[PDB]
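The structure appears below as structure tokens.
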Amino acid sequence: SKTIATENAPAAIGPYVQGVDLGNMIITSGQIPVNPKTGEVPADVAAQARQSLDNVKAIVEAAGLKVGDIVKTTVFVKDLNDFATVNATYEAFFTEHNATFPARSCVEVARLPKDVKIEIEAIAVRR
Amino acid sequence: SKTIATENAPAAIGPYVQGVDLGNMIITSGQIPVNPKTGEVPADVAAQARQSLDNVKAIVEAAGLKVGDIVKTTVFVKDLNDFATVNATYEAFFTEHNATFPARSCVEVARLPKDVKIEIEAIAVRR
Amino acid sequence: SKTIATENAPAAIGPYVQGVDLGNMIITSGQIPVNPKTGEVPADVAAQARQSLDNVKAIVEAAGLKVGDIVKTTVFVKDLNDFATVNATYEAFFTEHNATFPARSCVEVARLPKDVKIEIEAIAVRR
């Protein structure tokens with residue numbers, strides 16, 4: 001197994017790595033909507049969902065996989081009242097990559113790192 | 001890898017599939033207590049826990065596995081004060097299937113889809 | 001696949017096992033900061049984080065692996081305001097084991113079993 005490290009997702013400053021490549025299975029850390037170019041977080045929940053998904057994509061692609069290889073996500077949100085918006089963005093993201101939708105779990109948590117509105121972790125497979 | 005799709009669990013309307021069959025490992029989406037026959041959610045927390053477990057079972061069985069093949073679950077609840085009840089139902093469900101209990105994580109979240117009281121995701125293996 | 005059962009982590013009284021050994025992959029149950037020798041929970045959040053990590057370590061080691069084989073954790077906390085402290089302890093724990101940091105997801109939940117401040121689940125691999 002090996003660490004996945006890419007400039008295309010926010011740098012792993014704390015005691016974690018961006019993701020792990022286990023051979024057939026890749027697992028990402030929970031991605032928050034931090035822009036890897038600027039370090040900023042967009043205000044808009046739809047934009048946050050998209051930034052988190054782009055961060056997941058960067059890690060999966062750094063391991064040689066595609067968005068279409070993602071088979072399971074967990075989506076942690078700060079407010080389920082914004083879920084229609086998140087769902088629309090999430091759906092669009094997968095559609096843009098001609099990807100079958102992953103299996104998913106979705107819950108509203110009390111708070112997320114940096115007070116973001118969403119955090120998404122993903123599992124992808126080579127086969 | 002392939003999608004698991006069964007009439008025996010609530011249809012996957014949003015941007016997700018019910019579960020994924022990765023070869024040896026099967027992963028389900030987080031199941032909420034929606035009845036696949038009627039679309040209704042039972043009021044009772046014990047009944048909700050059982051409906052979620054039945055939904056997990058439907059997906060695992062659609063992949064050719066048994067409840068006894070489930071090795072890890074995550075149980076998200078709306079209120080840990082109802083956990084004795086949930087635990088009793090969960091225990092009964094596994095016992096009914098002559099199944100070794102899976103590894104498990106349990107947390108109280110702020111809110112769940114459709115305001116349900118429980119959501120359960122599961123991992124099962126063929127070997 | 002087989003159950004992992006060790007006297008070195010709190011006994012699995014409810015309907016769960018401490019962890020599962022799936023061959024290459026080991027998955028633990030969500031560990032809470034209960035001391036396996038006394039059954040008590042330390043007051044201090046740093047001490048709680050360390051007790052949870054020690055419990056994870058006991059299960060991983062019972063399967064023949066090391067802390068350095070842990071590749072993904074999920075850390076559920078009661079209060080993200082205590083996260084700097086948790087992070088410091090978590091970092092120290094991995095460093096003490098000369099371990100590459102795992103991938104990680106971190107969220108604040110509404111409540112945890114026994115009103116603890118942290119629960120940590122982990123995935124480790126042999127290869």
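Every chain in the structure tokens takes a letter, A first, then B, and so on in the order presented; its residues are numbered from 1, and the ligands are numbered from 1 following the presented order.
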(request) Give the residues of chain A that lie within 9 Å of chain C; count only C-alpha atoms, and format the answer as a PyMOL selection string. (result) chain A and resi 1-3+14-20+22-23+27-31+76+108-113+119-121
(message) DSSP on the backbone: which residues in chain C end up as strand (DSSP E or B)? Give the answer as an MDAnalysis selection string.
(response) chainID C and resid 2:4 17 19:21 25:28 31 70:77 103:108 111 118:125
Next, the residues of the selection above should be written as an mmCIF file, in the first residue's frame with C-alpha atoms.
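Saved as again.cif:
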```cif
data_model
loop_
_atom_site.group_PDB
_atom_site.id
_atom_site.type_symbol
_atom_site.label_atom_id
_atom_site.label_comp_id
_atom_site.auth_asym_id
_atom_site.auth_seq_id
_atom_site.Cartn_x
_atom_site.Cartn_y
_atom_site.Cartn_z
ATOM 1 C CA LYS C 2 -12.786 -14.166 11.133
ATOM 2 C CA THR C 3 -13.568 -12.310 14.290
ATOM 3 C CA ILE C 4 -10.776 -10.461 16.104
ATOM 4 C CA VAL C 17 -17.294 -7.946 17.590
ATOM 5 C CA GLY C 19 -12.956 -6.188 14.656
ATOM 6 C CA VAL C 20 -12.838 -8.460 11.635
ATOM 7 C CA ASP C 21 -9.853 -9.986 9.840
ATOM 8 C CA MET C 25 -7.908 -6.071 5.201
ATOM 9 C CA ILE C 26 -8.703 -5.676 8.886
ATOM 10 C CA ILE C 27 -11.591 -3.470 10.005
ATOM 11 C CA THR C 28 -12.171 -2.394 13.592
ATOM 12 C CA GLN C 31 -13.445 2.387 19.602
ATOM 13 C CA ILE C 70 -3.551 1.423 9.510
ATOM 14 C CA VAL C 71 -4.528 3.122 6.235
ATOM 15 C CA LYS C 72 -7.864 4.826 7.005
ATOM 16 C CA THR C 73 -9.612 6.076 10.110
ATOM 17 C CA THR C 74 -12.825 7.898 10.812
ATOM 18 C CA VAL C 75 -12.706 10.119 13.901
ATOM 19 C CA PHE C 76 -16.072 11.100 15.330
ATOM 20 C CA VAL C 77 -15.843 13.827 18.007
ATOM 21 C CA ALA C 103 -6.174 8.679 5.330
ATOM 22 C CA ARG C 104 -8.861 10.188 7.627
ATOM 23 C CA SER C 105 -12.341 11.614 7.888
ATOM 24 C CA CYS C 106 -13.260 13.840 10.850
ATOM 25 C CA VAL C 107 -16.684 15.117 11.905
ATOM 26 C CA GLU C 108 -18.441 16.433 14.999
ATOM 27 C CA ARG C 111 -23.547 12.400 20.785
ATOM 28 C CA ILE C 118 -14.418 10.567 20.670
ATOM 29 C CA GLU C 119 -14.918 7.332 18.742
ATOM 30 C CA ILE C 120 -12.371 6.053 16.198
ATOM 31 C CA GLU C 121 -12.749 3.280 13.647
ATOM 32 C CA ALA C 122 -9.865 2.014 11.538
ATOM 33 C CA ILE C 123 -8.992 -0.028 8.480
ATOM 34 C CA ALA C 124 -5.552 -1.722 8.228
ATOM 35 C CA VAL C 125 -3.981 -3.871 5.501
#
```
(message) as an NGL selection string, please: every residue in range 17-65 of chain A that a backbone DSSP assignment puts in alpha helix (DSSP H).
(response) :A and (45-62)
Quick one: write out the picked residues with N, CA and C atoms as a short mmCIF file (atom, residue, chain, number, x, y, z; two decimals), in the first residue's frame?
```cif
data_model
loop_
_atom_site.label_atom_id
_atom_site.label_comp_id
_atom_site.auth_asym_id
_atom_site.auth_seq_id
_atom_site.Cartn_x
_atom_site.Cartn_y
_atom_site.Cartn_z
N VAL A 45 -23.26 26.66 -1.03
CA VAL A 45 -23.22 25.21 -0.75
C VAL A 45 -23.02 24.37 -2.00
N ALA A 46 -23.61 24.79 -3.11
CA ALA A 46 -23.41 24.03 -4.37
C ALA A 46 -21.93 24.07 -4.73
N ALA A 47 -21.33 25.24 -4.63
CA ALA A 47 -19.90 25.38 -4.94
C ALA A 47 -19.09 24.55 -3.97
N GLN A 48 -19.47 24.50 -2.72
CA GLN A 48 -18.73 23.67 -1.74
C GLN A 48 -18.82 22.20 -2.14
N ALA A 49 -20.03 21.77 -2.48
CA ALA A 49 -20.16 20.35 -2.88
C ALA A 49 -19.25 20.04 -4.07
N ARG A 50 -19.23 20.95 -5.03
CA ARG A 50 -18.37 20.75 -6.21
C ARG A 50 -16.90 20.77 -5.87
N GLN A 51 -16.46 21.66 -5.00
CA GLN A 51 -15.04 21.72 -4.62
C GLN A 51 -14.67 20.42 -3.90
N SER A 52 -15.51 19.94 -2.99
CA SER A 52 -15.20 18.66 -2.32
C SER A 52 -15.08 17.52 -3.33
N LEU A 53 -16.01 17.47 -4.27
CA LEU A 53 -15.97 16.43 -5.32
C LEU A 53 -14.72 16.57 -6.18
N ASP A 54 -14.33 17.78 -6.51
CA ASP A 54 -13.12 17.98 -7.33
C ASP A 54 -11.90 17.49 -6.54
N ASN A 55 -11.93 17.74 -5.25
CA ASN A 55 -10.77 17.30 -4.41
C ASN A 55 -10.74 15.77 -4.42
N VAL A 56 -11.89 15.12 -4.25
CA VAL A 56 -11.94 13.64 -4.31
C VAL A 56 -11.41 13.19 -5.65
N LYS A 57 -11.87 13.80 -6.73
CA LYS A 57 -11.44 13.46 -8.10
C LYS A 57 -9.94 13.58 -8.25
N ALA A 58 -9.35 14.65 -7.73
CA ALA A 58 -7.89 14.83 -7.84
C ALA A 58 -7.13 13.65 -7.23
N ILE A 59 -7.59 13.18 -6.08
CA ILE A 59 -6.92 12.07 -5.38
C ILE A 59 -7.10 10.77 -6.14
N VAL A 60 -8.33 10.50 -6.58
CA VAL A 60 -8.61 9.28 -7.36
C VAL A 60 -7.81 9.27 -8.66
N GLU A 61 -7.76 10.42 -9.32
CA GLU A 61 -6.99 10.49 -10.58
C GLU A 61 -5.51 10.36 -10.31
N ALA A 62 -5.01 10.84 -9.18
CA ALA A 62 -3.58 10.74 -8.85
C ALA A 62 -3.20 9.27 -8.67
#
```
(request) For residue 37 in chain C, please output as a ChimeraX atom specification all residues within 9 Å (counting only C-alpha atoms; exclusion window: fewer than 5 positions along the same chain). (result) /C:7-10
If you keep N, CA and C atoms, can you produce a file of those selected residues as a PDB file, in the first residue's frame?
```pdb
ATOM      1  N   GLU C   7      -8.246  -9.481  24.704  1.00  0.00           N
ATOM      2  CA  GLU C   7      -8.460  -8.977  26.054  1.00  0.00           C
ATOM      3  C   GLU C   7      -7.903  -7.564  26.153  1.00  0.00           C
ATOM      4  N   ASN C   8      -7.080  -7.150  25.187  1.00  0.00           N
ATOM      5  CA  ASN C   8      -6.419  -5.839  25.213  1.00  0.00           C
ATOM      6  C   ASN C   8      -7.276  -4.653  24.820  1.00  0.00           C
ATOM      7  N   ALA C   9      -8.513  -4.881  24.379  1.00  0.00           N
ATOM      8  CA  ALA C   9      -9.470  -3.804  24.058  1.00  0.00           C
ATOM      9  C   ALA C   9     -10.731  -4.180  24.876  1.00  0.00           C
ATOM     10  N   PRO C  10     -11.581  -3.203  25.141  1.00  0.00           N
ATOM     11  CA  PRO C  10     -12.804  -3.481  25.903  1.00  0.00           C
ATOM     12  C   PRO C  10     -13.594  -4.603  25.290  1.00  0.00           C
TER      13      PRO C  10
END
```
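A straight line drawn from CA of residue 6 in chain C to CA of residue 116 in chain C is 21.7 Å long.
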